[PDB]
Amino acid sequence: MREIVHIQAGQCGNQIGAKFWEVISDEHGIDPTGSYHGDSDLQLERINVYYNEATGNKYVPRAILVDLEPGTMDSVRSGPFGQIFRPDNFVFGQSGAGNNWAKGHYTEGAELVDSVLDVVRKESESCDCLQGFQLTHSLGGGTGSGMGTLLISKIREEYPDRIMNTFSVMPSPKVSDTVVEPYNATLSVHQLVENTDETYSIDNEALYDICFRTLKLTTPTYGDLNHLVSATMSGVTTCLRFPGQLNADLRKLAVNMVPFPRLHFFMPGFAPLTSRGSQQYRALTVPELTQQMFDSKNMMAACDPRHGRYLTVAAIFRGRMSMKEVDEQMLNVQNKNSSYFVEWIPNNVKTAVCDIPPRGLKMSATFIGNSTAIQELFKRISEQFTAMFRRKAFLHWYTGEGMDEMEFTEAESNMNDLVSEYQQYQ
Amino acid sequence: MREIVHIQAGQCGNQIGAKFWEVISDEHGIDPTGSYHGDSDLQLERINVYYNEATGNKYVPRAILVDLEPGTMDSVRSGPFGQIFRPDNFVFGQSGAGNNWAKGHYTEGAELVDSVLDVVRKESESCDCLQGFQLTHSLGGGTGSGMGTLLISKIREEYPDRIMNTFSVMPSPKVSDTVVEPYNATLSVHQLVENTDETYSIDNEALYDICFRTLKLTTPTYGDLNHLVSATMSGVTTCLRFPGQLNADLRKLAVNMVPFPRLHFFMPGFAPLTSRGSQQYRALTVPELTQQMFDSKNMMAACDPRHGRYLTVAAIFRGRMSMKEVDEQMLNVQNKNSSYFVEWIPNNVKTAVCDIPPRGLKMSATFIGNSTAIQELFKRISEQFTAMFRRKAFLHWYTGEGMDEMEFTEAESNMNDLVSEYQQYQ
Amino acid sequence: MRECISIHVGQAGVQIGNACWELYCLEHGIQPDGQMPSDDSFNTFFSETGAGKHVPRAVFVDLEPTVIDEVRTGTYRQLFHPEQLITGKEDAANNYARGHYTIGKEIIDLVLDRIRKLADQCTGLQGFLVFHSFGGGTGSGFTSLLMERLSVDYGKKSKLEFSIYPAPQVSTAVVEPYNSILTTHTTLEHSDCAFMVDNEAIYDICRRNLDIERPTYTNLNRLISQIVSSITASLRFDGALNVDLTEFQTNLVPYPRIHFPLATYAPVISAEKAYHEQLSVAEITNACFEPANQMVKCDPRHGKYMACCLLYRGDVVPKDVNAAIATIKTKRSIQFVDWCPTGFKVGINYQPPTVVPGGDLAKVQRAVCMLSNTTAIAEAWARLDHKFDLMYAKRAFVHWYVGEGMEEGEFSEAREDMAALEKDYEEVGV
Amino acid sequence: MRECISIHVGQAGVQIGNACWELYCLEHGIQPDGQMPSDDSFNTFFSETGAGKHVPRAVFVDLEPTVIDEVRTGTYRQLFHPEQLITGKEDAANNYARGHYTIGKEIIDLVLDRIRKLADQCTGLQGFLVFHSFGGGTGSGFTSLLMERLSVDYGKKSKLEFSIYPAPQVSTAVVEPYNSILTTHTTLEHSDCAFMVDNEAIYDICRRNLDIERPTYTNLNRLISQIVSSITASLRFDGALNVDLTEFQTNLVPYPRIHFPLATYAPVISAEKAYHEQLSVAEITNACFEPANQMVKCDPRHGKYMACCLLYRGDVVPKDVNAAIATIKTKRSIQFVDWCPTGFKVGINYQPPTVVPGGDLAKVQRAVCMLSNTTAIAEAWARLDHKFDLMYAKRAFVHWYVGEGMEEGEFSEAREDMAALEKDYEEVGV
Ligand SMILES: CC(=O)O[C@H]1C(=O)[C@@]2(C)[C@H]([C@H](OC(=O)c3ccccc3)[C@]3(O)C[C@H](OC(=O)[C@H](O)[C@@H](NC(=O)c4ccccc4)c4ccccc4)C(C)=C1C3(C)C)[C@]1(OC(C)=O)CO[C@@H]1C[C@@H]2O
Ligand SMILES: CC(=O)O[C@H]1C(=O)[C@@]2(C)[C@H]([C@H](OC(=O)c3ccccc3)[C@]3(O)C[C@H](OC(=O)[C@H](O)[C@@H](NC(=O)c4ccccc4)c4ccccc4)C(C)=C1C3(C)C)[C@]1(OC(C)=O)CO[C@@H]1C[C@@H]2O
Ligand SMILES: Nc1nc2c(ncn2[C@@H]2O[C@H](COP(=O)(O)OP(=O)(O)OP(=O)(O)O)[C@@H](O)[C@H]2O)c(=O)[nH]1
Ligand SMILES: Nc1nc2c(ncn2[C@@H]2O[C@H](COP(=O)(O)OP(=O)(O)OP(=O)(O)O)[C@@H](O)[C@H]2O)c(=O)[nH]1
Ligand SMILES: Nc1nc2c(ncn2[C@@H]2O[C@H](COP(=O)(O)OP(=O)(O)O)[C@@H](O)[C@H]2O)c(=O)[nH]1
Ligand SMILES: Nc1nc2c(ncn2[C@@H]2O[C@H](COP(=O)(O)OP(=O)(O)O)[C@@H](O)[C@H]2O)c(=O)[nH]1
Ligand SMILES: [Mg+2]
Ligand SMILES: [Mg+2]
């Protein structure tokens, strides 16, 4: 029943996916050993969406862990929930990609794509009614951006009709940790736009901005950014794992949220968000959730929505609430801020409400937005690419892998085409 | 329901506003932690006027604390009721204004006006039916006089119809603590007259005169002057927070109290006032309250009303009293002292009575007066300005901030224009 | 937040630093080893490391090592960062010439290097507190070279000047006016507010008030430290009327070139004398304007006050300040310029003065810091200009300044500049 | 997995190996006898046998026995495989000629034999870490012969080059530039990333930072070992951002011939100095770009940065790394080439630096390894080329090179090649 098959690519992808697995195992009440320990039967009916039923009433997640290094596999298996995973889905090479997209897409990951495909196919045939694939990866470096796009293309080729949603942490200028990120991002979005039905753009800088300027953490580590990602990870698929008054699965979002086929790079967000010493004082009412939700500080990318127009926004609320105030805020936001939403398309909001709130939360709101302002990251990536493209650096480490100049040129042309379409409707 | 949004500017403003918050929290029976502890339900219906309802039945005041130094914020948060305030409304810089009006109005406060506006706007949208803004600040120095006028102008620009009442402690010759006060006062009243619908002039010297010659305090500290200010602070808004036979909110006062649009700098006062050893002997009857109320010693500015004519006087009484004696004193005062009230406008008094007296008081009277004698402080400020204007001192510390000579000239011209209008009707 | 970098140049500067930090470690409760036995009141003057150590943000620069490597042997050898206290190889020979061109040239680049490495941890750097002597070769030449580069690398930052100025009668060197005159360009162009210190006036202070017949310069230092700490009192502790360092100098300065105020401290009184007086706010207010309490041998009654700043500290009520200043404006013997009928700036701080255990100053619940600019101080330069003529009229000692790379006409620009300053402080008095 | 074969050629190579393995046995906790008292963190550098013994994968090659058979007598005589440390019969006579054609010819075949028997147990061999000196006869000639055959037998494997480079002033032999110039073909053609070591610059480092007046080369070695271990830190221990040895050199190298980066280490500081500093990430980040901390006597401020790699280790948070690099890109004095507005590669490791008990380096919770390529380093070759002219203009010592089987024109190809390299490092700076 609407089974969803997860794939992890790169160290970023597999660690954030592992923490997502931890979060939704707590939501479904799954013991670290894999046994069920939840309180209500509501955690139990839609276990088949993320986990496989096995002997002993223990449940194994439908995740395929893909990497080119064994060290990340070693860390994840030794992590808090390493034991719950399938030993077979730990499919990995030995030599790393070295943050080389060409390595992952032609040499290093091409040999392991056969060993990942035979696992993803068995996972899919284990499903009763497959709905799609949620894939976690990073546009930075050559592992997540490199092999991730290749296997995404393969699964899209053999699964043409299933939903393809990807959550992509993507490079940024001021919190860049690797020199050669823009090549990787340009060569990755080239395949992401053509193949993926859904892509969530996540930028690390805005995660940092959330954890300082909203969460007031003095030392928010990398796991806290993983947590911020996993919150929306769990939120976007809430409707098809739990009952709610307005059920909106992934394709419910899709039919409402992407006006033209290529305009599918979106803006995630989550509410509520407070510091430790300020949650005691906050009124968690839904209107306040809304005023927090469309704030430019709550978002997870540097693209400020005030520099563009929203095409479609998705607000999947959660908890035991009525909904007239839901409609009134969703119309007030787009009425008083009608200059920030495309007036030519009147009702830019898709509303979904779930009946069971997250554990420890009385209510929650998950933000998904289509704004023309998201081109801020794309054109900046293209500009940084040009600053390292126009007269030939670092290309020997790609062309040595069989990579060629004209494909780089087409990738840049496609970035320019994308930013053109997203500026067209602004 | 007639929500009123408070803003604190300068150390003077935020400390006197904090003590006002303490006073009216006691009047409304609000615990230091923010919880309700009042005795009757009468303290509870109009909590929305000053406080925001939150989770746990605790109440947060609608105050925005603005300063250019963190030390005053540190003192107020560590004060008796520091914990009840919003951590977000503590909006503050690091480098102080140095008692420079130009710094606050162009450089130091201009960068923080964006961070104060996003807070005042959220506070206003949190209101059900906004009535106005009560702003506390000081005409002395460059913080309260400097940024206060700028943000007052901004809120007047974006809120053109709401009531604008300000309580302004203003410089004086004999109890002056800073050399450069007159520049600040002249550059502040320039905006106060053009923007504010209401301004209460408070002079420190007459507060001292009250605490010695009426209250008989040997060591009345600065907090006692803050208390004297906060008494009228609470009195002027009594009618729209509690029932009374004659309800007179802020705009009720306004329509009765300012004959021409620019004649809106007024004379506050409060009764009863006794020493510790003399309250035991005093008869607190309303006629005695009146004889105390129009005394030149009860007022809070050096402008002696016998040197001018009252345009309009507001007497907002409070307590369980009948009112025929109220009318008889309000006519006897203006009949036997008709030479001190403009005979050309016959009934100079606005009468308001509240049913619940202040805690510990059986009755109270709050004095608001429009006298042409208030020009005493204005022309004296202009004269002191001229003694430091006509041949160029201290201007390098303003002109270094982008300030210019001709604007000083227009400010002085506007002080002269004001004193001209207030002498015109004397 | 609110950090200030203190500069100490010459023997006078480094030793007055040794006394100042002696006062600061006591008032903020730091051991001579830099530790805190048991608020961020020390962030204004001291930096903190992970191990719980307080490291001062100060540089001791002397072109000769004797005093500084004496500091390397004293009780504060471990308090200071050893290579932020810079020593030269050749002394300044009481000569501005070598200190400004020859010997300080090779060492100033390291001094600014250490100043930069002191600036880069200051998140809220407020200003500079440089200490030296006019008459000394180092305190003249090296300071002249140093404020020049500080004014272009830290132009926005305020630079308070605490300098030791020669006496009308007491002198230690014959070349002192030569060193003093070439310093005048630095204070006029590369200083924001200069505080001048006269040894003979404060000699009279300690003779009359402290009742001590035989004090040393260390007694002078254990009151210059109090005056500087009182000026910095508002930045480090809480007060009802805290005066920012920028607020302070905006209140002192009427014009960019008139920034030379006098300083006095009250109550300067011995321990045996503190007992028999109640020591009210009024009398410490009245004692400051008494010419027998001035730090510079000039009569304020000979001149006119422009700006007045009441830096009280301790158990002082501002009402008593207003009552005192009403009496101050009541008497005619204290006539202020027609600029300032408002007269007085008031600053109150809650910290009582901290007493040095080996000092000669009494413990008093109240202390006031008096800083005022006046036209009478031009007399302290009105004898130095006639003095400089009395040497320059033969070219008395110029062959050394000429021999060390100074232009002969730099003396001409020097006395032209002091004459311009002397005129500037006379027209404003009308 | 992740094995690296270390090559040690010449006296400098073998003794720097003696210091490196001294550091490695301590940081990985191996006794000098090879045993483990009580993770596979040692598999990168040491091999394991059945009896619980750690055997290093290293070759000591010297054409003369004195230093190596001294190693056969030292505390590490039993740590090493005795016949993987190869000794010749005739010294190299500081001559590239015999070392490259005459005396190393009979011994190189055994050296490659031992390299093969070291390669055949490495399941995940990552690269080569060869140590030598440019000026030495062995470190020039034998390395020149050895990389030639290694590049055809292990062409795919990376070959990191850690070489000791002559000083502008300090020198031990007159023939050193002759040996250095014929090495340039090897680094250009048969090396993937070369790291150059200057003795005089690091002499200044230990003089200023370590406060030690009288260190030996052993002090030089006990910091070259730290720099190489920090470069290999990510391969042996866990880190939030582990940088692969291939990832590293891909981040350094803009073009196949531009692979000559500088190296610096922070914090180089004495034990008495570690106490008074908190030693934040920012200051160790700022100290690395200071020209007074460079390992080669060239001013980075004279040149432009191309690639920057932040190899942090210890208790360092990557947020602090981003905050530091924001300040680094903020100042204009550090101007990067228009190639790299992204600027910085960041690598963080969880292992704090390991201190040598007999060393002069302090124990610090944080350590950073700085490796950067820049155009300013061409000056370190811009004096060596003019130097080589100053000898070759008479054919100064060539009769020995001619007498030992070198073609006379090989000097001509040598300075042609260095001129080509010098040009190549200038056009990229535009
Ligand atoms: C005592 C109390 O009220 O504290 C709350 C809490 O509401 C706060 C402090 C929580 C708290 O979260 C954090 O401290 C945090 C830190 C870094 C990154 C993200 C969160 C909380 O940890 C998080 C936790 O939330 C949940 O349990 C949700 O189900 C959440 N799951 C997790 O956060 C989680 C934590 C550990 C392991 C597995 C899951 C979730 C959210 C969306 C979708 C699915 C699940 C709750 C209610 C609290 C604490 C415990 C303090 C916040 O978290 C969430 C996700 O709601 C941070 O801001 C929100 C709201 C609150 O301020
Ligand atoms: C035993 C007794 O009868 O003493 C009374 C009292 O009537 C006297 C002494 C009080 C007293 O006030 C003072 O001592 C005082 C000191 C400095 C400045 C101002 C007041 C009293 O403290 C004040 C207090 O008044 C109130 O509580 C009012 O509600 C007042 N609120 C406060 O004063 C207050 C005090 C502490 C904390 C918070 C509020 C108020 C007035 C107007 C509008 C709103 C609130 C009362 C009745 C008394 C005491 C306790 C002695 C007086 O105060 C007021 C404001 O009515 C001073 O003159 C009046 C009248 C009396 O003489
Ligand atoms: N008040 C006071 N003045 C001092 C003190 N020490 C030195 N001076 C002044 O310094 C002047 C002479 O300068 P120097 O003693 O030579 O010190 P210097 O500034 O280092 O000059 P050089 O020795 O030439 O480098 C004297 O006239 C004193 O007035 C002191 O401890 N207290
Ligand atoms: N930094 C550093 N350099 C060294 C050390 N030992 C030798 N050198 C360098 O080696 C250079 C001279 O080479 P040699 O001493 O002859 O050593 P070699 O490489 O074995 O050459 P041959 O003796 O001819 O075989 C000197 O210029 C030094 O710079 C050392 O311990 N530290
Ligand atoms: N938001 C987030 N970003 C990360 C995390 N870990 C690493 N990153 C950054 O994301 C980028 C992704 O590159 P990376 O995954 O290392 O490349 P790959 O090895 O080829 O997959 C890196 O440059 C990191 O700086 C994480 O846990 N959360
Ligand atoms: N009535 C009253 N006056 C005060 C109080 N505190 C300070 N003042 C005086 O009011 C004047 C206001 O100036 P100030 O607020 O310091 O200037 P700012 O810092 O730029 O806001 C000062 O000169 C003080 O002398 C107080 O609590 N009550
Ligand atoms: Mg000296
Ligand atoms: Mg040798």
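Chains as they are written, first to last, in the authors' numbering: chain DD, 1 to 44, 47 to 360, 369 to 436; chain CD, 1 to 44, 47 to 360, 369 to 436; chain CE, 1 to 38, 46 to 437; chain DE, 1 to 38, 46 to 437.
We put the CB at the ideal spot given by N, CA and C, even for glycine.
- In the DSSP secondary-structure assignment, CE:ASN380 is bridged to CE:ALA314.
- Scanning chain DD for C-beta atoms nearer than 9 Å to the C-beta of CD:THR33 yields nothing, as the closest lies near 10 Å away.
- Here CD:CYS241 is buried, its C-beta having at least 16 other C-beta atoms within 10 Å.
- When 9 Å is used as the limit between beta carbons, DE:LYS430 is near no residue of chain DD, the shortest such separation being about 17 Å.
- For DE:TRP21, the closest alpha carbon among the candidates DE:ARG156, DE:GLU71, DE:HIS61 is that of DE:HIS61.
- Taking a contact as a CB-CB distance under 8 Å, the pair DD:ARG2 and DD:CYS131 counts as one, their CB atoms being some 6 Å apart.
- Put simply, the backbone Cα of CD:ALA317 is about 10 Å away from that of CD:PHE296.
- CD:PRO72 is outside the set of residues whose beta carbon lies under 8 Å from a beta carbon in chain DD.
- Ligand 8 has a heavy atom closer than 7 Å to the beta-carbon of DE:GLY10.
- Not one heavy atom of ligand 5 lies closer than 7 Å to the C-beta of DD:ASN54.
- In the DSSP annotation of this structure, the continuous segment of the beta strand (DSSP E) that includes CE:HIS139 starts and ends at 134-140.
- Taken through DSSP and simplified to helix, strand or coil, CD:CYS305 comes out as coil.
- Residues are counted here when their Cβ sits less than 9 Å from a Cβ of chain DE; for the segment 48-60 of chain CE these are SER54, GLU55, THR56, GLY57, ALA58, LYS60, given in chain order.
- Distance from the C-beta of CE:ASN258 to the nearest heavy atom of ligand 6 is not below 7 Å.
- Counting only runs of at least 4 residues, the segment 177-212 of chain DE fully encloses the following alpha helix (DSSP H) elements, listed from N- to C-terminal order: 183-197.
- Our two residues, CE:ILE231 and CE:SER379, have alpha carbons roughly 16 Å apart in a direct line.
- Per DSSP, CE:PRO325 lies in no beta strand (DSSP E) segment; the continuous alpha helix (DSSP H) that holds it begins and ends at 325-337.
- Between the segment 94-109 of chain CE and the segment 12-19 of chain CE, the count of Cβ pairs shorter than 8 Å is below three; the stretches do not touch.
- The alpha-carbon of CD:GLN436 is positioned some 24 Å away from that of CD:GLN294.
- For CE:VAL177, same chain residues with a beta-carbon under 8 Å away, outside a window of 5 residues either side, are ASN206, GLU207, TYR210 in chain order.
- Around DD:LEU286, the beta-carbon contacts reaching into chain CD at under 9 Å are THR57.
- Using a Cβ-Cβ cut-off of 8 Å, DE:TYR282 is close to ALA58, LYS60 of chain CE, given in chain order.
- DSSP, read as helix, strand or coil, puts DD:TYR435 in coil.
- Between DE:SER277 and DE:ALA369, the gap from beta carbon to beta carbon is short of 8 Å.
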